[PDB]
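S.K.: Residue numbers (the deposited numbering): 2 to 308. The beta-carbon is built from N, C-alpha and C at its ideal position, and this holds for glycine as well. First the structure, then my questions, so here it is.
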Amino acid sequence: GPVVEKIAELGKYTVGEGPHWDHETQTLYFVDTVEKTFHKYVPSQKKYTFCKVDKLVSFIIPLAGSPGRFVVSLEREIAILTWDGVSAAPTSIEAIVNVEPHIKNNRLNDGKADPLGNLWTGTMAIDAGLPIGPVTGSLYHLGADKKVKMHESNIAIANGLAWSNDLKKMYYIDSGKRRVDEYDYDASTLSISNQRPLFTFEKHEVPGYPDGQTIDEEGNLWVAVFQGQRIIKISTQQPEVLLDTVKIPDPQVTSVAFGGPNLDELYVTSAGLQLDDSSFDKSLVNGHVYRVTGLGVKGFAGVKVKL
Ligand SMILES: [Hg+2]
Ligand SMILES: [Hg+2]
Ligand SMILES: [Mg+2]
Numbered sequence: 002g003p004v005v006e007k008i009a010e011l012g013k014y015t016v017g018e019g020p021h022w023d024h025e026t027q028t029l030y031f032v033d034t035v036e037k038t039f040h041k042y043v044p045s046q047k048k049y050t051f052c053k054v055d056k057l058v059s060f061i062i063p064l065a066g067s068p069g070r071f072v073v074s075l076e077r078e079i080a081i082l083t084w085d086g087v088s089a090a091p092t093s094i095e096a097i098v099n100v101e102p103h104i105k106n107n108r109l110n111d112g113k114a115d116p117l118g119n120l121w122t123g124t125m126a127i128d129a130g131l132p133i134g135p136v137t138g139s140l141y142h143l144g145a146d147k148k149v150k151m152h153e154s155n156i157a158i159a160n161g162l163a164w165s166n167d168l169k170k171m172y173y174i175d176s177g178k179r180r181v182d183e184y185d186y187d188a189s190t191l192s193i194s195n196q197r198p199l200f201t202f203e204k205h206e207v208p209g210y211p212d213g214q215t216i217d218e219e220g221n222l223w224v225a226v227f228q229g230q231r232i233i234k235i236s237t238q239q240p241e242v243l244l245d246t247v248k249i250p251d252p253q254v255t256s257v258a259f260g261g262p263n264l265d266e267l268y269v270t271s272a273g274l275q276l277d278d279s280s281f282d283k284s285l286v287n288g289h290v291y292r293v294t295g296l297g298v299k300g301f302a303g304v305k306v307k308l
């Protein structure tokens, strides 16, 4: 079976999230969605740093063509942070756009660049709840002239994103739906259509909620299962096919990104936040970062955002 290693050097996170592997610098970036912090891990040098802001954060993605700059979320704003990767605060902040200026209790959540470099990200109520809570989120992409376009409404908890290698499909998770959806993706118009369920947790006795996800070069999706103590591997060739399960010690698995020199080491974030309606006692809920090897697949380098 695959080897699941707890990364001792990284400690515990309230809600570690948003992992991004920069392949040229062999560096993992990630966030804590509650603690208002960004994080960097350089595994080959065992180097860890953090960066503090005063707004809720949910993703960190290098800006294409601009070393030392990152596209991030700050509450409902998409912004460029100039950060040296080591100081405990950014050097400067350049706001790009507020996606929801008049929705005072919403926030951005998961986000990722499509393979063409367009940032896609969605929102949620800050006080969203599972299985049932306020449903106030939408899915966006950031297009030309720094304006966002909306693609879907009625999202409870805007979560993991991936695209097929042929650029014909997008995959998307609202954790409240307890399923992964697939869509036809038109790369020329940057629009999605024909939404349909790909994989439905209840049909496979999978507990918990889908959270972040990523795709491998064979086209399999790797999905974090929050309150399921696992990642799952699912088909994109046939609907409703569970290919494998890998248990992760932390129950609240949050997200996934392939890394390492050969793109074959799966980094897995988790959450130590202890929630009142948990299926797991507090002693189990820690928030470590893990690395999974031996999966027999390779992923893709993290894509930078183009502005
Ligand atoms: Hg930062
Ligand atoms: Hg940053
Ligand atoms: Mg998430």
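Where does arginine 197 land, buried or exposed, given buried means 16+ other C-beta within 10 angstroms?
M.R.: It is exposed - the Cβ of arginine 197 has fewer than 16 other Cβ atoms within 10 Å.
S.K.: Between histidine 24 and the rest of its own chain, which residues show a CB-CB distance below 6 Å, the 5 nearest in sequence each way excluded?
M.R.: Answer for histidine 24: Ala302, listed in chain order.
S.K.: Using 8 Å for Cβ pairs, my map puts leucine 64 next to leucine 308. What's the rounded Cβ distance?
M.R.: Indeed, because the Cβ distance is near 7 Å, the residues count as touching under 8 Å.
S.K.: Within the same chain, show all residues whose beta-carbon is closer than 8 Å to that of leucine 120, passing over the 5 residues directly before and after it, in chain order.
M.R.: Here the set comprises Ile62, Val72, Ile79, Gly112, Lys113, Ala114, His142, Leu143 and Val306.
S.K.: Measure from the alpha carbon of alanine 159 to the alpha carbon of each residue in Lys169, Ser74, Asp175 and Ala145, then state which is nearest.
M.R.: Of the candidates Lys169, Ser74, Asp175 and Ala145, the one whose C-alpha sits nearest the C-alpha of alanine 159 is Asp175.
S.K.: Going by DSSP, what residue range makes up the beta strand (DSSP E) through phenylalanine 31?
M.R.: Element bounds for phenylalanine 31: 28-33.
S.K.: Do you know offhand how far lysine 47's Cα is from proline 135's?
M.R.: Cα-Cα distance, rounded: 41 Å.
S.K.: So which of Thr294, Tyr173 and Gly288 has the shortest CA-CA distance to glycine 17?
M.R.: Measuring from the Cα of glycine 17, the nearest candidate turns out to be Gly288.
S.K.: Closer than 5 Å between the C-beta and any heavy atom of ligand 2: which residues qualify, listed along the chain?
M.R.: The answer, residue by residue, is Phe39, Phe71, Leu82 and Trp84.
S.K.: Is the distance from the Cβ of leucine 29 to the Cβ of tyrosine 49 below 7 Å?
M.R.: Contact: no.
S.K.: Three-state secondary structure (DSSP) at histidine 142?
M.R.: Reduced to three states, the DSSP call for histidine 142 is strand.
S.K.: Does the contact criterion of 3 or more C-beta pairs under 8 Å hold for the region 85-101 versus the region 152-166?
M.R.: No, because fewer than three Cβ pairs between the region 85-101 and the region 152-166 fall closer than 8 Å, the two stretches do not touch.
S.K.: In this structure, does DSSP put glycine 261 in helix, strand or coil?
M.R.: Looking at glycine 261 - three-state DSSP - the assignment turns out to be coil, as it is neither helix nor strand.
S.K.: Counting along the chain, where does the beta strand (DSSP E) carrying residue 351 start and finish?
M.R.: Here the chain has residues from 2 to 308 only, and residue 351 is not among them.
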